[PDB]
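Here's the structure we're looking at; comments come further down.
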Amino acid sequence: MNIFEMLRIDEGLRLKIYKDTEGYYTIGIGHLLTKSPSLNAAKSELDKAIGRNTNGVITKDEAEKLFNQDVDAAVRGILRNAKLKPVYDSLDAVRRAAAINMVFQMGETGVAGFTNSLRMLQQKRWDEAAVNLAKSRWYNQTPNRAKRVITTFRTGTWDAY
Ligand SMILES: CCB1C=CC=CN1
Ligand SMILES: [Cl-]
Ligand SMILES: [Cl-]
């Protein structure tokens with residue numbers, strides 16, 4: 001298990017445009033296309049992302065290419081964020097994957113707002129952090145996924161996957 005296999009479990013793989021848990025047009029392994037309600041707008045973002053006229057369908061190779069880019073972008077975003085980077089650097093590699101998972105799902109804006117959880121994580125108060133992380137819209141709207149990510153923060157193991 002690693003961050004790629006973790007997010008592949010949490011996000012699935014779909015090769016046609018679909019709506020994510022929030023109703024937003026998405027493709028591949030959780031590649032958000034747009035928050036616009038226009039499917040045509042989503043298809044335009046897809047063509048721009050892939051570099052060809054797709055009409056809403058991509059290959060698994062293409063999905064994995066966007067996925068690798070999106071994981072990389074999530075990490076690089078964490079490392080540019082003054083709130084997230086010190087907490088991320090304080091973590092072991094397994095909990096680092098949990099941090100990337102949250103940023104992948106929620107965006108660095110939003111995760112940087114988890115101020116009290118971030119402090120508990122930096123302090124390695126794992127059970128306290130896990131309790132605070134669940135007091136969130138994130139947990140309430142995607143509880144099974146949030147429980148897996150939280151268990152990874154709580155234990156530093158891959159037991160939930
Ligand atoms: C709140 C989880 B987290 C997300 C990025 C960096 C550190 N921690
Ligand atoms: Cl791209
Ligand atoms: Cl869920």
Side-chain angles (χ1 to χ4, degrees), residues 1-15 18-35 45-46 49-50 58 60-161:
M1 189 58 51
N2 57 56
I3 181 57
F4 290 84
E5 298 183 8
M6 182 198 203
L7 276 167
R8 172 59 180 84
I9 285 158
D10 283 337
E11 298 291 351
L13 167 66
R14 298 182 74 179
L15 297 183
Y18 64 99
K19 292 179 178 180
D20 71 7
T21 66
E22 294 292 326
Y24 297 137
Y25 286 123
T26 301
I27 202 161
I29 309 168
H31 180 81
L32 172 68
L33 289 168
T34 185
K35 289 189 183 196
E45 294 292 319
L46 177 57
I50 300 293
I58 61 176
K60 54 173 178 48
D61 280 5
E62 292 168 340
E64 291 176 337
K65 185 177 169 74
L66 297 181
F67 180 44
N68 190 341
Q69 291 178 169
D70 292 344
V71 173
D72 202 15
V75 174
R76 295 167 69 87
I78 285 170
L79 302 176
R80 299 295 177 179
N81 189 298
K83 190 61 175 154
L84 304 178
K85 178 179 160 49
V87 185
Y88 182 85
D89 284 337
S90 78
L91 295 171
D92 59 276
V94 173
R95 295 184 169 95
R96 280 182 185 161
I100 299 161
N101 193 306
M102 291 187 69
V103 168
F104 189 103
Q105 189 186 353
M106 268 168 284
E108 70 171 345
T109 63
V111 183
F114 279 66
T115 300
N116 299 318
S117 282
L118 288 161
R119 182 176 329 270
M120 300 175 186
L121 289 171
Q122 194 146 270
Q123 296 171 309
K124 305 196 178 305
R125 300 181 178 204
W126 303 129
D127 282 23
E128 293 88 349
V131 167
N132 188 262
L133 285 160
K135 296 175 176 175
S136 58
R137 176 177 189 279
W138 170 60
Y139 177 90
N140 278 281
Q141 304 299 135
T142 51
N144 288 7
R145 182 193 187 152
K147 282 174 186 178
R148 286 192 292 276
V149 173
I150 289 165
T151 287
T152 310
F153 277 126
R154 184 178 58 82
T155 64
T157 74
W158 291 115
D159 288 358
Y161 290 86

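Residue indices begin at 1 and follow the sequence shown. Computation of the quantities below employed the complete heavy-atom set of this structure, encompassing side-chain atoms and omitting hydrogens, waters and symmetry-equivalent molecules.
Two residues are said to be in side-chain contact when any heavy atoms from C-beta on lie closer than 4.5 Å; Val131 and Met120 fail this criterion. Two residues are said to be in side-chain contact when any heavy atoms from C-beta on lie closer than 4.5 Å; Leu66 and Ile29 fail this criterion.
For residues 148-160, every residue pair satisfying the side-chain hydrogen bond (donor to acceptor under 3.5 Å, both in side chains) rule, not counting sequence neighbours, is listed here: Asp10-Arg148, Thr155-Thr157, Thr157-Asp159. Annotation: side-chain hydrogen bond (donor to acceptor under 3.5 Å, both in side chains) contacts involving residues 129-144, sequence neighbours excluded, comprise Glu22-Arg137, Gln105-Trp138, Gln105-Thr142, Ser117-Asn132.
Listed by chain and residue number, nothing satisfies the salt bridge (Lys or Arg N to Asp or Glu O under 4.0 Å) test with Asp61 (two or more places apart in sequence, or in another chain). Under the rule for a side-chain contact (heavy atoms from CB on, under 4.5 Å), the partners of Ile9 that lie at least two apart in sequence or sit in another chain are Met1, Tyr161. Residues passing the side-chain contact (heavy atoms from CB on, under 4.5 Å) test with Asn2 are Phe4, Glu5, sequence neighbours excluded. For the salt bridge (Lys or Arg N to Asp or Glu O under 4.0 Å) test, no residue two or more places apart in sequence or in another chain qualifies with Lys147. Remark: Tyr25 engages no residue in a ring-ring contact (aromatic ring centres under 6.0 Å, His included) (not counting sequence neighbours). The salt bridge (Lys or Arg N to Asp or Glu O under 4.0 Å) check on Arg96 picks up nothing, with sequence neighbours excluded. Residues passing the side-chain contact (heavy atoms from CB on, under 4.5 Å) test with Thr115 are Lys83, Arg119, sequence neighbours excluded. With sequence neighbours left out, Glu45 forms a side-chain contact (heavy atoms from CB on, under 4.5 Å) with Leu33, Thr34, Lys48.
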Side chains of residues 122-130: which donor-acceptor pairs under 3.5 Å do they make with residues two or more places apart or in other chains?
residue: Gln122; atom: OE1; partner: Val87; partner atom: N; Å: 3.0
residue: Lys124; atom: NZ; partner: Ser90; partner atom: O; Å: 2.8

Please tabulate, for side-chain N and O atoms in residues 68-75, each donor-acceptor pair with protein atoms closer than 3.5 Å (sequence neighbours left out).
residue: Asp70; atom: OD1; partner: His31; partner atom: ND1; Å: 3.3
residue: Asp70; atom: OD2; partner: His31; partner atom: ND1; Å: 2.7

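For the atom pair CG (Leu13) and CD1 (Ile27), the distance works out to 9.5 Å, reported to the nearest 0.5 Å. Taking NZ of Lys65 as the reference point, atom CD1 of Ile58 lies at 12.0 Å (rounded to 0.5 Å). Atoms CG and CG, from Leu121 and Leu133 in turn, are 5.5 Å apart once rounded to the nearest 0.5 Å.
Contact record, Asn81 with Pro86: O-CD, 4.3 Å, taken as the closest heavy-atom pair. Counting all heavy atoms, side chain and backbone alike, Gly28 lies closest to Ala63 at CA-CB, 3.8 Å. Residues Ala99 and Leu91 come closest through the heavy atom pair CB-CD1, 4.4 Å.
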Let me see the working for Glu11 and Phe67 under side chain to side chain contact (heavy atoms under 4.5 Å, CB included), right down to the final yes or no.
CA-CA 10 Å; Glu11 298 291 351; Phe67 180 44; 5.7 Å; no

